[PDB]
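**Q** One structure, as structure tokens, below. Some questions next.
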Amino acid sequence: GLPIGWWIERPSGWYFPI
């Protein structure tokens with residue numbers, strides 16, 4: 001969802017490690 005966080009997302013962007 002957001003480039004920042006932990007790793008890449010499914011739809012787009014990155015996600016958080018929680």
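We label chains A, B, ... in the order they appear in the structure tokens, count residues from 1 in each chain, and number ligands from 1 in the order shown.
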Report the residues of chain A whose backbone DSSP state falls under strand (DSSP E), written as a ChimeraX atom specification.
**A** /A:7-8,14-15
**Q** Emit the selected residues as a PDB file, in the first residue's frame, including N, CA, C and O atoms.
**A**
```pdb
ATOM      1  N   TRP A   7       7.894  -4.658   3.490  1.00  0.00           N
ATOM      2  CA  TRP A   7       8.127  -5.263   2.182  1.00  0.00           C
ATOM      3  C   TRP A   7       7.055  -4.853   1.178  1.00  0.00           C
ATOM      4  O   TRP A   7       6.119  -4.125   1.511  1.00  0.00           O
ATOM      5  N   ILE A   8       7.210  -5.320  -0.055  1.00  0.00           N
ATOM      6  CA  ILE A   8       6.267  -5.003  -1.126  1.00  0.00           C
ATOM      7  C   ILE A   8       4.863  -5.506  -0.811  1.00  0.00           C
ATOM      8  O   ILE A   8       4.683  -6.447  -0.040  1.00  0.00           O
ATOM      9  N   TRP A  14       4.265  -0.897  -0.802  1.00  0.00           N
ATOM     10  CA  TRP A  14       4.800  -1.768   0.243  1.00  0.00           C
ATOM     11  C   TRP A  14       3.848  -1.806   1.438  1.00  0.00           C
ATOM     12  O   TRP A  14       2.902  -1.020   1.507  1.00  0.00           O
ATOM     13  N   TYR A  15       4.098  -2.714   2.380  1.00  0.00           N
ATOM     14  CA  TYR A  15       3.253  -2.828   3.566  1.00  0.00           C
ATOM     15  C   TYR A  15       4.096  -2.829   4.836  1.00  0.00           C
ATOM     16  O   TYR A  15       5.320  -2.912   4.776  1.00  0.00           O
TER      17      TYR A  15
END
```
**Q** Set the distance at 12 Å and use only C-alpha atoms: which residues neighbour residue 17 of chain A once local chain neighbours fewer than 6 positions away are removed? I'd like the list as a list in words.
**A** residues 2, 4, 5, 6, 7, 8 and 9 of chain A
**Q** Can I get the selected residues back with C-alpha atoms, as a tab-separated table (two decimals), in the first residue's frame?
**A**
```tsv
chain	number	residue	atom	x	y	z
A	2	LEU	CA	2.76	2.44	0.93
A	4	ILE	CA	7.37	2.62	3.38
A	5	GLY	CA	6.92	-0.16	5.91
A	6	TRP	CA	8.53	-3.58	5.58
A	7	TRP	CA	8.13	-5.26	2.18
A	8	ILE	CA	6.27	-5.00	-1.13
A	9	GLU	CA	2.47	-5.23	-1.24
```
